[PDB]
Every structure is written in C-alpha cells, then in structure tokens.
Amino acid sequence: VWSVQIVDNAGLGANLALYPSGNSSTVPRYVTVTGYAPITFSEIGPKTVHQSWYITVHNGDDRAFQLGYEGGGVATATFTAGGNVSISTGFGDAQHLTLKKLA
C-alpha cells in the first residue's frame, strides 16, 4: 500500500490538492491543479519496475511512468513553477512530467 505526498514549491496554494487525501492504500489517488488535467496514481499493471511493489502514473489520459517501492510506499510529487512536477518514492530515480493545460 502507498500514500501520496504533495510539496508545493510553485506557489499553487489552494489550486493544488490531493483526492482522496490522507490514505495509505491500493485505491487510485488524484493530484489536481486548477486549469490542468489531474495526475492519476493507481495500480494499473503490469509491473515493469524492479521493486516488489508499484504505482502507475497517468498524466491526464496518458501513461506517464511507473514508480516502484518497498515497504509502505510514499510517492512524493514536488511542484515548481511552469507546471513542473517531480515524482519520487525513494526507489529508483525521480521522474519528471509537465502538467497538461485543459483546453
């Protein structure tokens, strides 16, 4: 099971939120930023990472990458200006994406 932590270094404030928040679970989690497509975290397979456990990340519609973890997972998404997001679990390298504007 895994949680999602959000670090706002982008001055996003109340524009940035996790739903549902506060859980370490298997269920999908959604990081939302007003004006952009939600980033979905979920257990959509198959496992491609080398670690025991995984979290798949979708940037809007599209599969962005997969994260791996051991023990109780914590995927931390760090936001910086320009829609930059760095996502890391502490296993393997952090991975970057950019928020997609809703048109």
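The numbering used is simple: start at 1 and walk along the sequence shown.
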Q.
Mean CA temperature factor from the deposited coordinates, higher in 29-37 or in 50-58?
A. 50-58
Q. If you average the CA temperature factors over each stretch, which comes out higher, 88-96 or 19-27?
A. 88-96
Q. With respect to C-alpha B-factor, does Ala75 fall in the lowest, middle or highest third of the chain as deposited?
A. middle
Q: Compare the C-alpha B factor of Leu102 with those of the other modelled residues in its chain, then answer lowest, middle or highest third.
A: highest
